[PDB]
Amino acid sequence: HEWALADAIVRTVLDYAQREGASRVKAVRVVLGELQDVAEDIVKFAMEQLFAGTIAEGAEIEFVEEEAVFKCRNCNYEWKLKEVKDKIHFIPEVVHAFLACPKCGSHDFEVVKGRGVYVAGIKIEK
Amino acid sequence: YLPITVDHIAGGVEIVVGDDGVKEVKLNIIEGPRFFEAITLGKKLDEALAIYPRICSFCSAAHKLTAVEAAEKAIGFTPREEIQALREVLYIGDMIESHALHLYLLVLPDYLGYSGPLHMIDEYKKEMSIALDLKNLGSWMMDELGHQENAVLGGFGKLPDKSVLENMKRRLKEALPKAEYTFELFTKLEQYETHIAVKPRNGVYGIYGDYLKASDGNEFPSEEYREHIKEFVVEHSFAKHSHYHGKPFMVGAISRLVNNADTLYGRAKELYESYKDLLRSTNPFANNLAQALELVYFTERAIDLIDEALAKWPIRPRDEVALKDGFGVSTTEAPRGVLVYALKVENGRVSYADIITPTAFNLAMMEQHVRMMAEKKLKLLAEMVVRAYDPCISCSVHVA
Ligand SMILES: [Zn+2]
Numbered sequence: 007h008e009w010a011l012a013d014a015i016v017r018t019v020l021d022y023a024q025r026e027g028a029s030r031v032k033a034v035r036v037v038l039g040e041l042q043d044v045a046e047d048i049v050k051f052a053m054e055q056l057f058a059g060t061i062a063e064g065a066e067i068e069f070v071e072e073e074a075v076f077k078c079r080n081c082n083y084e085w086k087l088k089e090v091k092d093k094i095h096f097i098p099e100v101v102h103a104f105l106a107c108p109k110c111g112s113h114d115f116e117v118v119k120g121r122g123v124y125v126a127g128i129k130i131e132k
Numbered sequence: 004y005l006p007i008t009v010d011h012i013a014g015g016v017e018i019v020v021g022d023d024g025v026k027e028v029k030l031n032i033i034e035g036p037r038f039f040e041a042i043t044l045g046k047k048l049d050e051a052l053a054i055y056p057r058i059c060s061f062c063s064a065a066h067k068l069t070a071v072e073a074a075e076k077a078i079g080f081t082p083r084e085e086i087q088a089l090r091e092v093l094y095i096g097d098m099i100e101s102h103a104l105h106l107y108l109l110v111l112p113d114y115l116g117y118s119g120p121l122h123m124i125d126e127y128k129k130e131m132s133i134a135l136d137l138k139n140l141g142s143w144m145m146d147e148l149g150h151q152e153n154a155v156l157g158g159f160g161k162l163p164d165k166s167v168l169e170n171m172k173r174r175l176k177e178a179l180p181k182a183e184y185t186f187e188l189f190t191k192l193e194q195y196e197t198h199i200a201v202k203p204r205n206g207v208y209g210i211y212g213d214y215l216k217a218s219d220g221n222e223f224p225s226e227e228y229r230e231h232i233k234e235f236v237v238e239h240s241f242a243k244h245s246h247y248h249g250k251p252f253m254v255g256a257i258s259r260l261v262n263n264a265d266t267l268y269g270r271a272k273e274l275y276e277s278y279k280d281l282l283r284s285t286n287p288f289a290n291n292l293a294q295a296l297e298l299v300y301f302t303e304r305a306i307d308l309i310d311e312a313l314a315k316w317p318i319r320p321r322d323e324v325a326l327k328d329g330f331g332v333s334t335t336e337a338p339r340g341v342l343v344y345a346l347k348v349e350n351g352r353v354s355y356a357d358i359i360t361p362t363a364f365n366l367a368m369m370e371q372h373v374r375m376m377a378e379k380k381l382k383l384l385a386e387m388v389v390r391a392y393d394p395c396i397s398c399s400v401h402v403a
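Here it is as structure tokens:
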């Protein structure tokens with residue numbers, strides 16, 4: 007969810023600022039996996055709202071979307087999501103069952119990149 | 004800027020239990036529509052009116068139906084009685100669908116202990132038949148009158164044929180005994196399992212029905228009043244509770260029955276006069292039963308509205324002229340409870356937007372409804388307490 011994710015981000019950033027003794031936060035850059043169905047505008051907004059009343063208020067939020075990388079072990083083959091994108095309703099779904107390894111015929115492919123979300127850049131003012 | 008790496012490890016309720024008893028109960032089940040309230044502004048009135056039904060679209064049609072009202076309430080222009088009654092008809096269909104779905108798919112597995120595929124042949128055959136009939140009826144009403152983008156300000160985009168309306172009336176006439184049977188079935192099943200205590204009820208008050216109204220409903224009613232909303236859970240806050248008159252209160256079918264009892268008529272009035280004791284103003288579960296009663300009332304009233312709609316055979320959607328600096332606060336009565344739409348318009352564009360959901364009203368008392376004393380199993384009881392309020396979606400998590 008957008009608000010819960012943004013809340014996690016806010017709490018985490020405020021905690022880190024409480025660790026480094028930051029007086030104020032000026033800018034925040036967050037890298038998000040494309041597997042997340044959250045809308046960037048909603049998340050950004052929620053972050054902007056929960057930052058109010060804190061030292062991280064008025065910070066510039068920048069989102070960086072990373073791609074998703076799948077790797078099937080049945081033939082040790084790696085492929086991307088954009089390749090399977092072009093091949094309409096309910097297009098996004100859990101890749102666990104929705105799609106296979108396009109080469110072998112077995113769907114047990116391990117998610118390597120694009121599943122998680124992490125903060126990339128923080129502008130600390132102390 | 005400076006680049007670093009912090010991997011972030013990423014809807015239900017949480018109850019922390021203990022050997023000496025339960026200590027802390029908390030929930031973060033819904034988000035704030037604030038985002039929409041900030042993106043709908045600056046856009047066209049119709050644009051914002053197209054963005055609004057995105058919030059809790061599980062019951063979409065209701066929102067766009069009160070939004071427009073607020074818009075009219077902003078421009079001062081009043082819709083005709085015919086189109087108003089039509090809005091009330093669509094509203095009724097939505098009500099029927101939502102309540103049928105909720106009551107039968109959620110409350111019946113709670114009491115009958117069903118899980119997995121709800122379709123069974125040993126039982127729930129006639130009940131699934133009825134539920135499907137009601138669902139299909141309501142959804143068909145919404146598909147005919149309303150897919151989407153049908154309801155426009157001042158007047159509608161497209162109106163169905165009169166024959167479809169007559170046939171709809173016939174369908175209702177055929178659907179009534181199933182709603183009566185539903186009311187019976189929900190008159191049979193259990194209340195308070197016990198969670199029963201003083202809960203303020205809150206529901207709008209209309210002249211003939213609790214469908215649409217301009218005055219809030221409480222032991223001390225009010226036409227336009229803003230109640231104290233409290234930001235809670237701040238450590239783990241996802242939403243802000245609401246305190247009417249400085250106290251947790253409840254909305255829903257129960258509230259509409261308590262406040263608008265005398266406004267009721269027909270078979271529903273008789274069933275109410277009969278089961279007057281079974282639905283108490285202090286029990287969350289009776290709401291379910293009440294909804295079943297509302298599956299009867301709104302089935303009959305609709306017909307009258309149709310006979311109010313056939314008062315004028317030629318029907319044409321009127322048009323309105325926008326008004327600058329216009330404040331319009333429509334307070335409707337969604338199936339979830341009273342829904343609030345506050346819209347102030349300036350220069351034909353959105354200036355102020357404040358939308359409040361019934362779920363937010365029920366959240367405080369639902370948090371207060373937890374006097375559950377059991378030793379697990381209790382997750383199911385809590386889930387029944389929650390589904391007694393008809394949430395959009397819910398789940399129980401117990402920390403031991
Ligand atoms: Zn493979």
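In the order they appear, the protein sequences are chains A and F.
Throughout the first sequence, residue numbering follows our numbering, covering 7 to 132 in sequence.
Throughout the second sequence, residue numbering follows our numbering, covering 4 to 403 in sequence.
Backbone N, C-alpha and C fix where the C-beta goes; we use that ideal spot for every residue, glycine too.
Can you tell me which of the options puts its alpha carbon nearest to the alpha carbon of residue i?
i, options, result
"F301 (chain F)", "F:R259, F:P287, F:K382, F:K315", "F:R259"
"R174 (chain F)", "F:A345, F:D322, F:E84, F:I133", "F:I133"
"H102 (chain A)", "A:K91, A:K109, A:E116", "A:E116"
"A345 (chain F)", "F:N221, F:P6, F:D22, F:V71", "F:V71"
"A337 (chain F)", "F:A64, F:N31, F:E50", "F:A64"
"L188 (chain F)", "F:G149, F:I359, F:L292", "F:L292"
"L384 (chain F)", "F:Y114, F:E126, F:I86, F:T362", "F:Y114"
"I309 (chain F)", "F:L93, F:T43, F:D280, F:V16", "F:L93"
"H7 (chain A)", "F:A314, F:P224, F:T81, F:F241", "F:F241"
"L111 (chain F)", "F:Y127, F:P120, F:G119, F:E100", "F:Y127"
"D307 (chain F)", "F:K243, F:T185, F:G212", "F:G212"
"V341 (chain F)", "F:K181, F:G331, F:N262", "F:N262"
"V201 (chain F)", "F:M171, F:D23, F:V25, F:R283", "F:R283"
"residue 2 (chain F)", "F:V343, F:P36, F:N365", "The requested residue 2 (chain F) does not occur in the structure, where chain F is confined to residues 4 to 403."
"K165 (chain F)", "F:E84, F:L148, F:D265, F:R321", "F:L148"
"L179 (chain F)", "F:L140, F:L156, F:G35, F:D280", "F:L140"
"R352 (chain F)", "F:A74, F:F61, F:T8", "F:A74"
"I396 (chain F)", "F:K26, F:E378, F:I33", "F:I33"
"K172 (chain F)", "F:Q87, F:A391, F:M98, F:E303", "F:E303"
"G329 (chain F)", "F:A182, F:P317, F:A77", "F:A77"
By Cβ distance, which residues of its chain are closer than 6 Å to residue i, with the 5 residues on each side in sequence left out?
i, result
"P251 (chain F)", "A367, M368, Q371"
"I199 (chain F)", "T285, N286"
"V125 (chain A)", "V36"
"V28 (chain F)", "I18, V373"
"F186 (chain F)", "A295, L296, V299"
Since residue i meets chain A, which of its residues come closer than 8 Å, beta carbon to beta carbon?
i, result
"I7 (chain F)", "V125, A126, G127, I128"
Let me see if you follow: with CB-CB separation under 9 Å, is residue i close to chain A or not?
i, result
"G79 (chain F)", "no"
"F38 (chain F)", "yes"
"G14 (chain F)", "yes"
"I232 (chain F)", "no"
"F241 (chain F)", "yes"
"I358 (chain F)", "no"
"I306 (chain F)", "no"
"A41 (chain F)", "yes"
"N31 (chain F)", "yes"
Using a Cβ-Cβ distance under 9 Å, would residue i count as near chain F?
i, result
"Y22 (chain A)", "yes"
"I61 (chain A)", "no"
"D43 (chain A)", "no"
"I94 (chain A)", "no"
"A33 (chain A)", "yes"
"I48 (chain A)", "yes"
In chain F, which residues lie less than 9 Å from residue i when you measure between Cβ atoms?
i, result
"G122 (chain A)", "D10, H11, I12, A13"
Apart from the five residues just before and just after residue i, which ones in its own chain have a Cβ nearer than 8 Å to its Cβ?
i, result
"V90 (chain A)", "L105, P108"
"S399 (chain F)", "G15, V16, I18, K382, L383, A385, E386, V389"
"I42 (chain F)", "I54"
Show which residues of chain A have a CB atom less than 9 Å away from the CB atom of residue i.
i, result
"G35 (chain F)", "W9, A52, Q55"
To which residues does DSSP link residue i through a beta bridge?
i, result
"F330 (chain F)", "F:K347"
"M253 (chain F)", "F:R204"
"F76 (chain A)", "A:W85, A:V117"
Which residues in chain F sit within 8 Å of residue i, going by Cβ to Cβ distance?
i, result
"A14 (chain A)", "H11, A13"
Show which residues of chain A have a CB atom less than 7 Å away from the CB atom of residue i.
i, result
"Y4 (chain F)", "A33, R35, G127, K129"
Excluding sequence positions up to five away, which residues of its chain have a Cβ less than 7 Å from the Cβ of residue i?
i, result
"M53 (chain A)", "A12, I15, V16, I67"
"residue 1 (chain F)", "Here chain F covers residues 4 to 403 and nothing more, so residue 1 (chain F) does not appear."
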